[PDB]
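S.K.: structure for the following, please:
(chains A and B)
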Amino acid sequence: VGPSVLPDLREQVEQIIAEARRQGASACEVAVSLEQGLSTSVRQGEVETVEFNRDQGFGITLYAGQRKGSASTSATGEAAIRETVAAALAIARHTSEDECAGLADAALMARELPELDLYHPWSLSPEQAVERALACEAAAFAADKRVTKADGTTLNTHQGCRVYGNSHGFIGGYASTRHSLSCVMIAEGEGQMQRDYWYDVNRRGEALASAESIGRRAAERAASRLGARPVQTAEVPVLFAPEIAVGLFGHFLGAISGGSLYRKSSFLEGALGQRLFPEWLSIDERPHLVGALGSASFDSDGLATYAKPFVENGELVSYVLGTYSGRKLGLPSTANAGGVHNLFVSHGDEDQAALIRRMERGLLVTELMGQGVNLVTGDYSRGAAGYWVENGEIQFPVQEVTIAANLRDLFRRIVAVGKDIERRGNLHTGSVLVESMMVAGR
Amino acid sequence: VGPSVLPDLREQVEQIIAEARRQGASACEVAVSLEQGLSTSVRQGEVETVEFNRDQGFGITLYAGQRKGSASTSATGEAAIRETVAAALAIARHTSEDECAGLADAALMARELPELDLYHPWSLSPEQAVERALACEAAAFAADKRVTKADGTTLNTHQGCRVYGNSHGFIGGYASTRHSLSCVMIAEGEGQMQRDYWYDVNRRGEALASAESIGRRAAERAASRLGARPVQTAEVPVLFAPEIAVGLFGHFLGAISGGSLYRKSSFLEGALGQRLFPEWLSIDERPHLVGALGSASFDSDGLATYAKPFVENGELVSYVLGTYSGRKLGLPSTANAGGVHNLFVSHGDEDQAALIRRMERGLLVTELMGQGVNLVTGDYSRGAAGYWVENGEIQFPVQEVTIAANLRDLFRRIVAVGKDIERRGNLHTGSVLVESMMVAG
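M.R.: Numbering: from 1, shown residues only, chains lettered A, B, ... in the order given. The protein structure is shown below:
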């Protein structure tokens, strides 16, 4: 599973497309995936599993005019291809016609594909996987006498190849890697027991934060929570840690995606051209970053991806749409069939410490809990944990509180975005200072 | 994919074991899985996907003395077996010795295997699949003017075959089938949007509750929630709806499983032989039920499964253990490598309506939220929703409250178990009336 195999997979995709044709299909879309890697788990100094995985499959979506049919299988080979295609068509021929259905026009298929350098094999023997996973836990325990237990420490290293093709003649494919190391620790103190973790993800294993650093960090976090208590119900400013900030903007994205929009299940429906954020705030996508964890050179329709803004000086200038979204809404695709890639929120020059100082007083949120977000109405209420701030400092840990606001207002009330930017996924935000929110606790 | 295909999978298992031997592993364990079915989704009267799946794979766990390794693939053939076994061994040979590691003794492999009749293909064209999924959503909307939106209604019908083997020479395998229809609805009222759902599951497609009945129910449930409000903080009795009662006993199971126990991460850690429940309460396992959703004739070590109690007259008479658990704890296996199969909590003759009455005043819980359960200590706190009861009737819907207690005390405080028994999974409980809990709002 490397670039070296990509050619076999192209050939496989060609055969699937050809078979669909032989069987009478109007058009079709095919995806093939190979993946393999090694996954190591440790706990309380014990190795629990060390496992090697190799997974292959393909899925096809077919058309019989305006009728649609899908099928997938992990089998390979001629009979399999014949069997899977025949199934997609049994469905296509017995389901109904969709006006919006069918591939993008052929002129729209990516003409060329940048090299995104996503493939960095990690030479990692299971002996070194176990060595590191254990060095991580041990650094946790070694960091504070009060960290007395662990949930898993998991080290994951994987390689994959994906190829996509359609009846329009498009065929595109890339190989990638992803390595991660997560650590989950339990600490006891002040009449209580508290839990936290840390992790890192990188396409190049070598760029992962040291196993030690990840462990120390999961431990400090666990320990800092000891002695958490509620606070007095009050409307105060709230500071979201970068990794919780990410989820917020996730709700933004969901709300501006075609699916939500045309299902009339989005608070942001119709918001194109509106000020949803502060004048200084921009949100923009950069799909071609070399080595990035969210890079992609084409979307799930096979349109070329391109750099673009979604929010510009506070203003929503674009929804996130694929071909079928666009047709549903009477708009063009934004070459985002399958979502965004490498999203960025613009930020100032202040770090979390600076932002805490600026907040003066309020709630720093480092964890949220529950399903309290309604995308249809923007209504938001979630359990939360973190630290209370006063006189520009962290006074003490907080738990058993809930936070409330409408997202619509929340986004308007963003006071700053920090330069303490998260790098472990597809959405780079720093910490987010919100002017005020309803904090409730008893 | 059914019984006709088993012998091919046996043969495949044999080959893998042989190939393990060829590469010099001391012993091994192999599992092969084939699965296929149809999955239909509908939403607001639209069809969103109709898809046919077919998935095959195998996994092997190898030993090199007291050293252990595992690998899996979904590929097939002489080269896939060679490459996958080679990999499990590369790991075995480069990881450390575990004194407790290795298979169960050969004497213990299941000598025979009852016919559990878990295989009931559903002749369901995608045309019919879609007809039904839609008829379910339509019944929901038709049930109450206030049910204005939907999340998915999903219909799944699948078939599988599993075969497992040992280097001890044990080989065993069964075909099964599993069909479900779930419906998720949204109501609007009273300043509110409320979400709820209903579903059914059965190995026989025809035994599923009608698509209409499932829809009506998801809608009634969504609608009943409109106007939910908090209640005043108080210590009071709490009645768990059967489907939430399942999750409770799940914490109990987790707590008496080998892993929790030897990791010293269980509040029930020395509990064998103690009263944890009312004298009248018993919990027992019945793995051989014909056609049940949880039936199994052998565990993940290949020991024969058998009917047995875990709680007898309120007393914990058994943990849930596999061979590796047993060794860790210095105890025999309870033929429960991979968990329990078809568990039952004993109950009285009262239904949910009867238990509401008996409770007189308190909180009926029909949903929980938040990962608020500490199995290490038993501490429990969770977001909850349902209805308030007074004068033995449901007064109004409740939301934005939490419930708290230690499970240790909670289980001691069980007043009764309803006969409204839950059938859609591995755990058959009725509604659970708890004497008192801390309700906060």
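
S.K.: how about the residues of the stretch 151-300 of chain A near chain B?
M.R.: Proximity of the stretch 151-300 of chain A to chain B, by Cβ under 8 Å from any Cβ of the partner chain, involves residues A:186, A:193, A:263, A:265. All C-beta atoms are positioned from the backbone trio N, CA, C, and that covers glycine.

S.K.: got the phi and psi for residue A:416?
M.R.: Recorded main-chain torsions at residue A:416 are phi -160, psi 170, according to degrees, to the nearest 10.

S.K.: quick one: which of the residues of the stretch 151-300 of chain A next to chain B is nearest to residue A:338?
M.R.: If you rank these by distance to residue A:338 using Cβ to Cβ, residue A:263 comes first, at 17.6 Å.

S.K.: run a quick neighbour tally on the closest residue in space to that closest one that isn't next to it in sequence.
M.R.: Computed as Cβ to Cβ, 6 or more residues apart in numbering or on different chains, the closest residue to residue A:263 that is not its neighbour in sequence is residue B:44, at 6.7 Å. Residues near residue B:44, counting by other Cβ atoms under 10 Å in any protein chain shown, number 17.

S.K.: right, and residue B:44 touches residue B:148 too?
M.R.: No: Residue B:44 is beyond contact range of residue B:148, at 9.7 Å (criterion: Cβ atoms under 8 Å).

S.K.: contact partners of stretch A:198-213?
M.R.: Defining contact as Cβ atoms under 8 Å, 6 or more residues apart in numbering or on different chains, one finds that stretch A:198-213 is touched by A:118-120, A:122, A:124, A:132-133, A:135-136, A:139, A:155, A:157, A:176-183, A:214-215, A:217-218, A:221, A:291-293, A:424-425.

S.K.: then stretch A:271-284?
M.R.: A:249, A:252, A:256, A:268, A:307-319, A:343-346, A:408, A:411-412, A:414, A:417.

S.K.: make it 7 Å
M.R.: For stretch A:271-284, contacts defined as Cβ atoms under 7 Å, 6 or more residues apart in numbering or on different chains pick out A:308-316, A:319, A:343-346, A:411-412, A:414, A:417.

S.K.: tell me the contacts of residue A:34?
M.R.: A:1, A:5, A:9, A:56, A:160, A:161.

S.K.: so how far is the stretch of helix or strand residue A:250 belongs to off the chain centroid?
M.R.: Here residue A:250 sits within helix A:242-255, counting by DSSP states H and E. Remark: helix A:242-255 is offset 10 Å from the chain centroid, using Cα atoms, centre = their mean, to the nearest Å.

S.K.: could you give the angle of the helix or strand where residue A:28 lies to strand B:67-73?
M.R.: In this assignment (DSSP H and E), residue A:28 forms part of strand A:27-43. Orientation check (axes from the mean of the first three to the mean of the last three Cα atoms, to 10 degrees): strand A:27-43 against strand B:67-73 gives 170 degrees.

S.K.: return the list of strands paired to strand A:27-43, each annotated with direction.
M.R.: Sheet partners assigned to strand A:27-43 using DSSP bridges are listed as strand A:46-64 (antiparallel), strand A:147-166 (antiparallel).

S.K.: could you point out which element follows the first one?
M.R.: Moving toward the C-terminus from strand A:46-64, the first helix or strand encountered (DSSP H and E) is strand A:67-73.

S.K.: the longest one now?
M.R.: Going down the chain from strand A:147-166, the next helix or strand is strand A:171-189, by DSSP H and E.

S.K.: strands paired with the helix or strand just after that next one, and their directions?
M.R.: Downstream of strand A:171-189, the first helix or strand assigned by DSSP H and E is strand A:192-202. Paired with strand A:192-202 in the same sheet, following DSSP bridges, are strand A:171-189 (antiparallel).

S.K.: circling back: restricted to helices, list the contacts of stretch A:271-284.
M.R.: A:411, A:412 (DSSP state H).

S.K.: of the residues of the stretch 151-300 of chain A next to chain B, which pair is most distant in space?
M.R.: Farthest-apart pair in these is A:193 and A:263; separation 42.6 Å (Cβ to Cβ).
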